[PDB]
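Reading through the structure tokens given below for one structure.
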Amino acid sequence: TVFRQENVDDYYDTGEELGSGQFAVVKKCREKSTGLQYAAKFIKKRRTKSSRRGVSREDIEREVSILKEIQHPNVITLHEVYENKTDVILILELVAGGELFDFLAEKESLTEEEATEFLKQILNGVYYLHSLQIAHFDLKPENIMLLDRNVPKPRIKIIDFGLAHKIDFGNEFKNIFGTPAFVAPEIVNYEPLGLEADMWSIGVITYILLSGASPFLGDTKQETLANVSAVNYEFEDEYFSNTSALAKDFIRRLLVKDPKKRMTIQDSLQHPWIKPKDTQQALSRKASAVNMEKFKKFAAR
Ligand SMILES: Nc1ncnc2c1ncn2[C@@H]1O[C@H](COP(=O)(O)OP(=O)(O)O)[C@@H](O)[C@H]1O
Ligand SMILES: [Mg+2]
């Protein structure tokens, strides 16, 4: 693909650093023609097919091609792409409100009803992605951000499509990637991957959101890999004493070793914790609350 060959600085004024990836740095920028703010992701090109630094042409194209296709309120959009000798620069929708968990950590308390209002928007972004056969493959708290933390009902934006893949019916995909505490057993075990891995990671995010504890985290990476593979977790009372039974059921349906038996995105949206079937189930979710004291500790780590 020819991407834009002009200098990005002819069109944007860049500002403060937002974040960084292994071969990427993300900066805030302002488009000169509109005065509107975006995020510029500068990805270092590899340089020789022979080299070890930088991202391959294939991998940059895959990320661009996926973002280009997506148009949904809970996922970032791609605005423009530029290229020079050293970098491909993606101009992305800016997510200016930081990480969801940091915003929630600034609260006094959070009921499960309040928590599901945020979690439902994650589920809506992923439902959109899976309906297009896109696996995100790096769902974790740092990639769940807020468009604007100053509004009364902040909107979730899923970011970071650098590991995302369109599922190819017809070939198997296997690869090592992602953060050990947040990946599914099929990643841990180098088995065929699909849309199910995303579902497992949502189960981990939800477990943390309610408890402030990471369910599979060990003292070493090896122990974390071994806990994930064995599905070795529990809901210990210290952490989950105010958690509804519906919330444990939702998590248990996601934290399932066999991908074929795990809950899909369409079913997660119909689960009674998300969509209560009667007034009694709705009151259980309204009265139940997150373990805020432990949650704050987790968000400061
Ligand atoms: N659209 C965005 N808005 C605000 N911050 C962003 C945006 N995209 C990425 N970032 C920040 O930059 C970091 C690095 O970008 P990311 O896309 O995660 O790169 P990688 O694909 O290499 O992991 C993210 O973890 C986040 O902190
Ligand atoms: Mg990232």
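Identifiers for the structure tokens are assigned positionally: chains receive A, B, ... in sequence, residues are indexed from 1 per chain, and ligands are indexed from 1 in the order shown.
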Query - Cut-off 10 Å, only C-alpha atoms and all ligand atoms, neighbours of ligand 2 as number ranges by chain - result: A: 19-22, 24, 138-140, 142-143, 159-163, 178
Produce a file of the selected residues containing N, CA, C and O atoms, as a PDB file, in the first residue's frame.
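Written out: selection.pdb:
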ATOM      1  N   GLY A  19       2.155   7.396  25.262  1.00  0.00           N
ATOM      2  CA  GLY A  19       2.485   6.034  25.635  1.00  0.00           C
ATOM      3  C   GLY A  19       3.500   5.483  24.688  1.00  0.00           C
ATOM      4  O   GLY A  19       3.838   6.125  23.694  1.00  0.00           O
ATOM      5  N   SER A  20       3.998   4.277  24.994  1.00  0.00           N
ATOM      6  CA  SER A  20       4.941   3.661  24.100  1.00  0.00           C
ATOM      7  C   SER A  20       4.800   2.135  24.064  1.00  0.00           C
ATOM      8  O   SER A  20       4.288   1.533  24.997  1.00  0.00           O
ATOM      9  N   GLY A  21       5.195   1.569  22.929  1.00  0.00           N
ATOM     10  CA  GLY A  21       5.116   0.112  22.613  1.00  0.00           C
ATOM     11  C   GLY A  21       6.548  -0.340  22.372  1.00  0.00           C
ATOM     12  O   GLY A  21       7.450   0.449  22.530  1.00  0.00           O
ATOM     13  N   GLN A  22       6.788  -1.581  21.970  1.00  0.00           N
ATOM     14  CA  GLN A  22       8.189  -2.021  21.852  1.00  0.00           C
ATOM     15  C   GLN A  22       8.956  -1.206  20.781  1.00  0.00           C
ATOM     16  O   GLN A  22      10.115  -0.738  21.061  1.00  0.00           O
ATOM     17  N   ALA A  24       7.202   1.446  18.994  1.00  0.00           N
ATOM     18  CA  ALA A  24       6.185   2.473  18.717  1.00  0.00           C
ATOM     19  C   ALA A  24       6.192   3.503  19.839  1.00  0.00           C
ATOM     20  O   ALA A  24       6.422   3.175  20.985  1.00  0.00           O
ATOM     21  N   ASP A 138      -5.276  -8.783  22.472  1.00  0.00           N
ATOM     22  CA  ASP A 138      -4.436  -8.187  23.598  1.00  0.00           C
ATOM     23  C   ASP A 138      -5.362  -7.385  24.532  1.00  0.00           C
ATOM     24  O   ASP A 138      -5.065  -6.241  24.954  1.00  0.00           O
ATOM     25  N   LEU A 139      -6.527  -7.966  24.824  1.00  0.00           N
ATOM     26  CA  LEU A 139      -7.498  -7.344  25.719  1.00  0.00           C
ATOM     27  C   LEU A 139      -6.956  -7.457  27.109  1.00  0.00           C
ATOM     28  O   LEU A 139      -6.695  -8.553  27.595  1.00  0.00           O
ATOM     29  N   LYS A 140      -6.802  -6.307  27.768  1.00  0.00           N
ATOM     30  CA  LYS A 140      -6.244  -6.201  29.130  1.00  0.00           C
ATOM     31  C   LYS A 140      -6.524  -4.769  29.611  1.00  0.00           C
ATOM     32  O   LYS A 140      -6.764  -3.869  28.786  1.00  0.00           O
ATOM     33  N   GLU A 142      -4.891  -2.052  30.436  1.00  0.00           N
ATOM     34  CA  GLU A 142      -4.197  -0.915  29.834  1.00  0.00           C
ATOM     35  C   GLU A 142      -4.760  -0.555  28.439  1.00  0.00           C
ATOM     36  O   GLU A 142      -4.569   0.612  28.007  1.00  0.00           O
ATOM     37  N   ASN A 143      -5.430  -1.528  27.760  1.00  0.00           N
ATOM     38  CA  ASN A 143      -6.017  -1.282  26.440  1.00  0.00           C
ATOM     39  C   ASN A 143      -7.511  -0.926  26.463  1.00  0.00           C
ATOM     40  O   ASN A 143      -8.166  -0.803  25.404  1.00  0.00           O
ATOM     41  N   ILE A 159      -8.359   0.229  22.514  1.00  0.00           N
ATOM     42  CA  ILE A 159      -7.244   0.686  21.695  1.00  0.00           C
ATOM     43  C   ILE A 159      -6.310  -0.519  21.402  1.00  0.00           C
ATOM     44  O   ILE A 159      -6.632  -1.677  21.751  1.00  0.00           O
ATOM     45  N   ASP A 160      -5.245  -0.263  20.663  1.00  0.00           N
ATOM     46  CA  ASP A 160      -4.132  -1.189  20.437  1.00  0.00           C
ATOM     47  C   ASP A 160      -4.456  -2.442  19.602  1.00  0.00           C
ATOM     48  O   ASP A 160      -4.666  -3.526  20.150  1.00  0.00           O
ATOM     49  N   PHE A 161      -4.451  -2.270  18.292  1.00  0.00           N
ATOM     50  CA  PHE A 161      -4.687  -3.355  17.327  1.00  0.00           C
ATOM     51  C   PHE A 161      -3.403  -3.931  16.775  1.00  0.00           C
ATOM     52  O   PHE A 161      -3.393  -4.544  15.719  1.00  0.00           O
ATOM     53  N   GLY A 162      -2.320  -3.848  17.569  1.00  0.00           N
ATOM     54  CA  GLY A 162      -1.041  -4.373  17.064  1.00  0.00           C
ATOM     55  C   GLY A 162      -0.924  -5.917  17.079  1.00  0.00           C
ATOM     56  O   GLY A 162       0.010  -6.456  16.461  1.00  0.00           O
ATOM     57  N   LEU A 163      -1.819  -6.628  17.782  1.00  0.00           N
ATOM     58  CA  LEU A 163      -1.792  -8.109  17.775  1.00  0.00           C
ATOM     59  C   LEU A 163      -3.076  -8.682  17.121  1.00  0.00           C
ATOM     60  O   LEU A 163      -3.236  -9.906  16.992  1.00  0.00           O
ATOM     61  N   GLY A 178       1.403 -11.488  24.011  1.00  0.00           N
ATOM     62  CA  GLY A 178       0.481 -11.058  25.099  1.00  0.00           C
ATOM     63  C   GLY A 178       1.070 -11.159  26.502  1.00  0.00           C
ATOM     64  O   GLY A 178       2.207 -11.555  26.690  1.00  0.00           O
TER      65      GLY A 178
END
Query raised in the report: Could you pull out all residues of segment 117-197 of chain A with a DSSP call of alpha helix (DSSP H) and give them as a ChimeraX atom specification?
Result: /A:117-131,185-188,196-197
Report task. Using only C-alpha atoms, pick whichever of A:229, A:243, A:37, A:133 has the shortest atom-to-atom distance to residue 209 of chain A. Result ->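 The closest residue to residue 209 of chain A is A:243.
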Report task. For atom CA of residue 68 of chain A and atom CA of residue 80 of chain A, determine how far apart the two atoms are, in Å to one decimal place. Result ->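 Pair atom CA of residue 68 of chain A / atom CA of residue 80 of chain A returns 9.2 Å.
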**Report entry** Filtered DSSP result for segment 138-218 of chain A, state strand (DSSP E), as a list in words
**Finding:**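 Residues of segment 138-218 of chain A classed as strand (DSSP E): residues 144, 145, 146, 156, 157, 158, 165 and 166 of chain A.
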**Report entry** Distance of atom CA of residue 43 of chain A from atom CA of residue 89 of chain A, expressed in Å to one decimal place
**Finding:**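 Between these atoms lies a distance of 6.1 Å.
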